[PDB]
Amino acid sequence: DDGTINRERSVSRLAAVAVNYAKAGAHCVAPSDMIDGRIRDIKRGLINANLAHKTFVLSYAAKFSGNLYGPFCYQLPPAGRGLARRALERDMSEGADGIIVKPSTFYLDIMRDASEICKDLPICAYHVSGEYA
Amino acid sequence: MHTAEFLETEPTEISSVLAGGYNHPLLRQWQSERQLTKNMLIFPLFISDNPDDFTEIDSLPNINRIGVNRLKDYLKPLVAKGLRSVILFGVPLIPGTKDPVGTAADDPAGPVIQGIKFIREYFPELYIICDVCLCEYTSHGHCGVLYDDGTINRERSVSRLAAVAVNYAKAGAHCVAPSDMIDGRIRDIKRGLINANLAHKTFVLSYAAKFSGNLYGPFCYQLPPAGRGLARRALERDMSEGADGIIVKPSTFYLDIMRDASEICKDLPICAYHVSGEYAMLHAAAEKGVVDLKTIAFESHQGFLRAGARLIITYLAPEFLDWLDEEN
Amino acid sequence: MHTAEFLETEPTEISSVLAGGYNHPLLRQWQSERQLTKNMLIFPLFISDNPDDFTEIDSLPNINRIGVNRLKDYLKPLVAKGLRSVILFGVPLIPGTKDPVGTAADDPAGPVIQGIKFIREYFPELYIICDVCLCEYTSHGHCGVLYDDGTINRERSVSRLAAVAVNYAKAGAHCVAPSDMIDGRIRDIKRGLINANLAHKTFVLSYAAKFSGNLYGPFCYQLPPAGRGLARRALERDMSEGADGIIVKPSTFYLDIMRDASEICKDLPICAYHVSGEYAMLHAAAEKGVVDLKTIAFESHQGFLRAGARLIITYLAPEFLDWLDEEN
Amino acid sequence: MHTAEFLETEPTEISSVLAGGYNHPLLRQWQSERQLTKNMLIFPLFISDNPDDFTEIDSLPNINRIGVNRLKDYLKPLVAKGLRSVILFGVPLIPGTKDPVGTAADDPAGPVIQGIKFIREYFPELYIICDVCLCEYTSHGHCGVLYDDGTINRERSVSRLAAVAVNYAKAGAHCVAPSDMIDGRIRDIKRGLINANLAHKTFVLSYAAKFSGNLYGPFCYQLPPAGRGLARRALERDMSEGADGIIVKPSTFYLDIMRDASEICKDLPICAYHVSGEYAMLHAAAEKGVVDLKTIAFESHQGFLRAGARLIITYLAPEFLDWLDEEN
Ligand SMILES: [Hg+2]
Ligand SMILES: [Hg+2]
Ligand SMILES: [Hg+2]
């Protein structure tokens, strides 16, 4: 009601999509929300949907907010270096098989934390449009 | 008909709810490993030999080639703006001062030393850092004393650099930031300052991490962009050799390295350097409007502070001292 | 009647489902700590003294004893295949060159130095590594300058090895891989290259881990197969002594050690060496059909890359450069 | 004339002299993290359904397909040789026992359970480990209960495996080594043994690390040769799920992984498995003479013990029990 995101709903709704793609024939699903625990659920859903073993959950464990997406909801602070470590460690725990760090070039340190923390998970760098243009 | 499917959930884990730690604008200050002050900003200076100079350089810059008689005006305001430091860059412009050993380097009557005697007196407040390198005062222009139409003569160049290093330090400069990258030049610069009995007054601020990329001028010893291991060995070495603080450059493209710096060199104040490349890249990008300068400037700079740095050498110094004064 | 019993389960834990990270053929590339390129492969060369030589050796080999006048043909193709490096092995075949101090070693007119002057000119592209040892140029043939009908005279042999090491390095070779295993031979080879003012050009690629097993030739200082601790102390030492990169051999039977190598010597490029034994063992095994060569070759080689190595010295080099060109 | 140059040295560092720790033959036993005994060796058994069987398999093997009436002779000697364990492999040969759920699996009258009741009585001394998998007792032959002309039905197959697992364990078997690699099959096999109130008697010896390579038979869920990270996550998981010991296979080509195993699973006895591939590869290699079997056999096996394993599953078991009796 003319406010703030209804977590559990949105999540229940996202996990829904997530699986339909995955039912449709897609190999990977990269949730780009950043709504807490959306991964535990997307993995659980793919499980019941008995697709757990085919789909690669590639989370966006690290989606920060900066003037690099379009010049000028839930989204981690540029200076918050600790959330981002807790936000990875969480998604790793929740089932994520790989993770995404973005933007990239301005957050190599974070990407660096990613590798340490999420050492056994293939890490992916995202060169946001901002950086690009 | 296609209806919105909604999967069946489980109760929310208390360990999936971080979001409340970062909601208010204040908790986004309370999450910053360190907040950006004015006393962090270190302004580079390119003191030219024509004491009447104030020549604009450029690629996107708003940076100059000042002279010792302009200094009391360009510096005046900034300082009243709260500026606490500067990193001197000397610029010989006379027709015959270069040479085979950058002799004109430690030159009691040049840009640098004739700049350092100017501040210590008109602006006793400031804190003087002096870049230490033979690039600019040499005929070939390489950073160091070279051999037979080849490769740098280490021990010589070093013996020569440590020389300058101390003269600055004898002249009245607080800090010396060697920018060569010639092995063991630090052990020597520290030793020299020791005999010269100045060890206890001068802050050796090494450039432990000087990489090579298209970010210094569009297109000698210098670490590879991909070599992540040298850079760790190159820090650990300079830390051992006496360095009291260290420099990582460029910065924004090497936050990971700056990150390694903090771990490795944990007890040494780390400094971030926003190379001109980065700098003129941001302005250039702001003009086409790909982003708004002021926005990208602090993000990029808190990138320094998060990534590890408690100090910064940037050209946006004129700018931040204004900004950091602001609230709403 | 005997019926298939099926126990009663619990809901599947999200932390028991890894399988989706490795299903597509591409995610099995996305899981490899490092993918195998051509620029990793380093080809050993056994340059004989009869410049007309191209004598096949063997146990299972497809390896030879070439001469300096064959070199421009055997090497030609491979290079056009993308080959970027080689590790020279000199072979004196003349009737009187051995001796009490492997004098003929650093010999400006031998296999090795008369090979290294051949490439630097006909194939400037290549990267030359030179094995450094007194085994082959000595009458007794031991690796080092020996005493009275006994045990190696360390300091001598070392003083002598460091000598060769530098001559190669003076001759135009890029890298020097000491293969003795005589204590502190590295500190000295690095020191020598320093005085010789070549420190900054030559890559000391030690053989920090040279064990002893039936894999070099069927059946001096050399580490025990079970001694897992020496090997860690033997690396940490060579790292300290100046080594810029290190070698582990044999390889496939010592992936654990290669693994220790990576941890210990984390910032130093690690190299895997597929000893001839291993090599002729694989061919020999492929002929009886116990496995298909091509299959076992990459598995065994990605064993290097997973286990820790970003470089490799193998005889399957002729082979991989072909293969790595392939897709389906 | 070309004379032997000898560089000028520095006094030998005490920290470059390890060599005295490994000189005598005894100090090379005193350096082994662990010495190889007979009670380490675990012999695999392929108990066929024709109780009169003793059919030789092969690629290089000296391994068979015995029957329950041969068992008291083939086993007799070995045991008197000191053998303390075996890992049973059941072989149904009758024309109609396969099927959609490997029902014939836990079959009180089959190779496996009719083997396990034979030892517990004629050789009470031995220690029985039973491989647990649906590969061999299924029509399709995949390891697990499959779907509609596709991909393994996890939860089913698991529910079915845990079933077998317990029947063996009810039948009188000491250990159960699941060889599937179907996620979470361990949590369940441990849970089952718990309800079945056998948790405290049966040793779950997982195959936490079963990779895929040309070493099992020349040319379902199974980890990639290059995936070094899954294997660490795949161990840490099985350790968590109840596994009391773990298996790494193949072995010699994965000593690094076996190495990770020891670190990760430090408090769990680690076991090395010398897959048939490796095995027939060594014989095959010994025949052409590329090496002498006996030599390569212990090196390769101490490779297990150094790399991390306090147990071993090999076909050279007949052999070592002889050998380990020897001195000179
Ligand atoms: Hg310079
Ligand atoms: Hg040698
Ligand atoms: Hg199986």
# chains A, B, ... in the order shown; residues from 1 in each chain; ligands from 1

$ select_by_dssp --residues "stretch 186-253 of chain C" --states "helix (DSSP H, G or I)" --output "number ranges by chain"
C: 186-195, 230-240, 252-253

$ write_last_selection --atoms "C-alpha atoms" --output "short mmCIF file (atom, residue, chain, number, x, y, z; two decimals), in the first residue's frame"
data_model
loop_
_atom_site.label_atom_id
_atom_site.label_comp_id
_atom_site.auth_asym_id
_atom_site.auth_seq_id
_atom_site.Cartn_x
_atom_site.Cartn_y
_atom_site.Cartn_z
CA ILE C 186 69.76 -20.68 -6.28
CA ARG C 187 70.95 -17.90 -3.95
CA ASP C 188 74.17 -18.05 -5.92
CA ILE C 189 72.71 -18.28 -9.40
CA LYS C 190 70.66 -15.18 -8.66
CA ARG C 191 73.59 -13.37 -7.07
CA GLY C 192 75.76 -14.22 -10.07
CA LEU C 193 73.16 -12.94 -12.51
CA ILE C 194 73.06 -9.81 -10.36
CA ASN C 195 76.78 -8.96 -10.46
CA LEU C 230 61.38 -31.55 2.68
CA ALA C 231 59.62 -30.57 -0.53
CA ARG C 232 57.75 -27.83 1.32
CA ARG C 233 60.98 -26.59 2.92
CA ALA C 234 62.79 -27.00 -0.42
CA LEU C 235 60.28 -24.71 -2.11
CA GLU C 236 60.04 -22.12 0.62
CA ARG C 237 63.79 -22.02 0.48
CA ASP C 238 64.14 -21.51 -3.29
CA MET C 239 61.41 -18.92 -3.12
CA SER C 240 63.41 -17.01 -0.57
CA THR C 252 51.19 -36.68 -12.26
CA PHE C 253 52.50 -38.79 -9.44
#

$ residues_near_ligand --ligand "ligand 2" --cutoff "7 Å" --atoms "only C-alpha atoms and all ligand atoms" --output "list in words"
residues 133, 134, 135, 136, 143, 179 and 180 of chain C

$ residues_around --residues "residue D:35" --least-positions-apart "5" --cutoff "12 Å" --atoms "only C-alpha atoms" --output "mmCIF file with N, CA and C atoms, in the first residue's frame"
data_model
loop_
_atom_site.group_PDB
_atom_site.id
_atom_site.type_symbol
_atom_site.label_atom_id
_atom_site.label_comp_id
_atom_site.auth_asym_id
_atom_site.auth_seq_id
_atom_site.Cartn_x
_atom_site.Cartn_y
_atom_site.Cartn_z
ATOM 1 N N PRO C 225 60.356 -39.779 -2.280
ATOM 2 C CA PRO C 225 58.969 -39.834 -2.709
ATOM 3 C C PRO C 225 57.974 -39.600 -1.582
ATOM 4 N N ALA C 226 58.287 -40.105 -0.394
ATOM 5 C CA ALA C 226 57.445 -39.981 0.775
ATOM 6 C C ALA C 226 57.717 -38.724 1.582
ATOM 7 N N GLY C 227 58.898 -38.134 1.428
ATOM 8 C CA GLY C 227 59.235 -36.922 2.166
ATOM 9 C C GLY C 227 58.380 -35.790 1.630
ATOM 10 N N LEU D 26 67.278 -45.054 6.266
ATOM 11 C CA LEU D 26 66.361 -44.997 7.388
ATOM 12 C C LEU D 26 65.734 -43.625 7.557
ATOM 13 N N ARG D 28 64.785 -41.896 5.379
ATOM 14 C CA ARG D 28 63.842 -41.755 4.278
ATOM 15 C C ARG D 28 62.533 -42.487 4.589
ATOM 16 N N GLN D 29 62.474 -42.930 5.830
ATOM 17 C CA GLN D 29 61.366 -43.641 6.467
ATOM 18 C C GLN D 29 60.865 -42.731 7.620
ATOM 19 N N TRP D 30 61.888 -42.006 8.054
ATOM 20 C CA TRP D 30 61.746 -41.033 9.129
ATOM 21 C C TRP D 30 61.235 -39.705 8.564
ATOM 22 N N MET D 40 46.281 -51.720 5.789
ATOM 23 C CA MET D 40 45.815 -50.495 5.118
ATOM 24 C C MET D 40 45.058 -50.877 3.832
ATOM 25 N N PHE D 298 54.872 -49.199 -5.301
ATOM 26 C CA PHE D 298 54.993 -48.573 -3.995
ATOM 27 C C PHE D 298 55.106 -47.043 -4.112
ATOM 28 N N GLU D 299 55.764 -46.591 -5.175
ATOM 29 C CA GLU D 299 55.911 -45.131 -5.278
ATOM 30 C C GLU D 299 54.527 -44.484 -5.372
ATOM 31 N N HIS D 301 51.781 -45.846 -4.543
ATOM 32 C CA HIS D 301 51.038 -46.130 -3.340
ATOM 33 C C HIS D 301 51.475 -45.305 -2.155
ATOM 34 N N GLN D 302 52.731 -44.865 -2.123
ATOM 35 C CA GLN D 302 53.172 -44.023 -0.987
ATOM 36 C C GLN D 302 52.718 -42.575 -1.341
ATOM 37 N N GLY D 303 52.311 -42.517 -2.603
ATOM 38 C CA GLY D 303 51.805 -41.284 -3.183
ATOM 39 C C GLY D 303 50.483 -41.088 -2.454
ATOM 40 N N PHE D 304 49.815 -42.212 -2.197
ATOM 41 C CA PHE D 304 48.535 -42.185 -1.480
ATOM 42 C C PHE D 304 48.793 -41.696 -0.045
ATOM 43 N N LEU D 305 49.658 -42.413 0.657
ATOM 44 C CA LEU D 305 50.044 -42.119 2.015
ATOM 45 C C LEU D 305 50.638 -40.736 2.201
ATOM 46 N N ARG D 306 51.420 -40.216 1.253
ATOM 47 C CA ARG D 306 51.973 -38.870 1.468
ATOM 48 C C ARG D 306 50.841 -37.842 1.268
ATOM 49 N N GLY D 308 47.917 -38.023 1.569
ATOM 50 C CA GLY D 308 46.848 -37.979 2.530
ATOM 51 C C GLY D 308 46.087 -39.138 3.134
ATOM 52 N N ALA D 309 46.027 -40.288 2.483
ATOM 53 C CA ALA D 309 45.370 -41.500 2.787
ATOM 54 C C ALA D 309 46.014 -42.471 3.732
ATOM 55 N N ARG D 310 45.227 -42.897 4.720
ATOM 56 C CA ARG D 310 45.616 -43.857 5.729
ATOM 57 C C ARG D 310 44.988 -45.235 5.423
ATOM 58 N N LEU D 311 44.402 -45.368 4.244
ATOM 59 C CA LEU D 311 43.746 -46.558 3.731
ATOM 60 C C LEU D 311 43.883 -46.645 2.208
ATOM 61 N N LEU D 324 55.410 -56.352 1.728
ATOM 62 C CA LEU D 324 55.549 -55.748 3.030
ATOM 63 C C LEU D 324 56.110 -56.685 4.082
#

$ interface_residues --of "chain A" --to "chain D" --cutoff "8 Å" --atoms "only C-alpha atoms" --output "number ranges by chain"
A: 119-121

$ atom_distance --atom1 "atom CA of residue C:78" --atom2 "atom CA of residue C:318"
6.7 Å

$ closest_residue --among "D:220, D:243, D:42, D:129" --to "ligand 3" --atoms "only C-alpha atoms and all ligand atoms"
D:220

$ decode --residues "stretch 78-109 of chain B" --atoms "C-alpha atoms" --output "PDB file, in the first residue's frame"
ATOM      1  CA  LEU B  78      42.330  25.996  -1.535  1.00  0.00           C
ATOM      2  CA  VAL B  79      44.212  26.132   1.736  1.00  0.00           C
ATOM      3  CA  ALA B  80      41.573  28.430   3.223  1.00  0.00           C
ATOM      4  CA  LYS B  81      39.252  25.695   1.953  1.00  0.00           C
ATOM      5  CA  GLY B  82      41.042  23.390   4.399  1.00  0.00           C
ATOM      6  CA  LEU B  83      43.665  21.712   2.163  1.00  0.00           C
ATOM      7  CA  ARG B  84      46.299  19.954   4.217  1.00  0.00           C
ATOM      8  CA  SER B  85      48.635  18.458   1.658  1.00  0.00           C
ATOM      9  CA  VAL B  86      50.258  18.492  -1.718  1.00  0.00           C
ATOM     10  CA  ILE B  87      52.506  16.291  -3.837  1.00  0.00           C
ATOM     11  CA  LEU B  88      55.053  18.369  -5.738  1.00  0.00           C
ATOM     12  CA  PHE B  89      55.968  17.672  -9.354  1.00  0.00           C
ATOM     13  CA  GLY B  90      58.845  19.842 -10.605  1.00  0.00           C
ATOM     14  CA  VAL B  91      58.961  21.159 -14.142  1.00  0.00           C
ATOM     15  CA  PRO B  92      62.247  22.349 -15.601  1.00  0.00           C
ATOM     16  CA  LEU B  93      61.542  24.414 -18.740  1.00  0.00           C
ATOM     17  CA  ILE B  94      64.947  26.038 -19.341  1.00  0.00           C
ATOM     18  CA  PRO B  95      66.814  25.004 -22.505  1.00  0.00           C
ATOM     19  CA  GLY B  96      69.716  23.158 -20.912  1.00  0.00           C
ATOM     20  CA  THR B  97      69.069  21.282 -17.674  1.00  0.00           C
ATOM     21  CA  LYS B  98      68.436  17.691 -18.736  1.00  0.00           C
ATOM     22  CA  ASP B  99      71.194  15.106 -18.826  1.00  0.00           C
ATOM     23  CA  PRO B 100      72.710  11.691 -18.345  1.00  0.00           C
ATOM     24  CA  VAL B 101      71.979  11.591 -14.613  1.00  0.00           C
ATOM     25  CA  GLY B 102      69.182  14.042 -13.967  1.00  0.00           C
ATOM     26  CA  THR B 103      71.639  16.198 -12.061  1.00  0.00           C
ATOM     27  CA  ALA B 104      69.316  19.179 -12.131  1.00  0.00           C
ATOM     28  CA  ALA B 105      67.095  16.962  -9.970  1.00  0.00           C
ATOM     29  CA  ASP B 106      68.013  17.787  -6.348  1.00  0.00           C
ATOM     30  CA  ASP B 107      68.978  21.265  -7.664  1.00  0.00           C
ATOM     31  CA  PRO B 108      68.673  23.822  -4.884  1.00  0.00           C
ATOM     32  CA  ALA B 109      67.342  26.367  -7.400  1.00  0.00           C
TER      33      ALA B 109
END
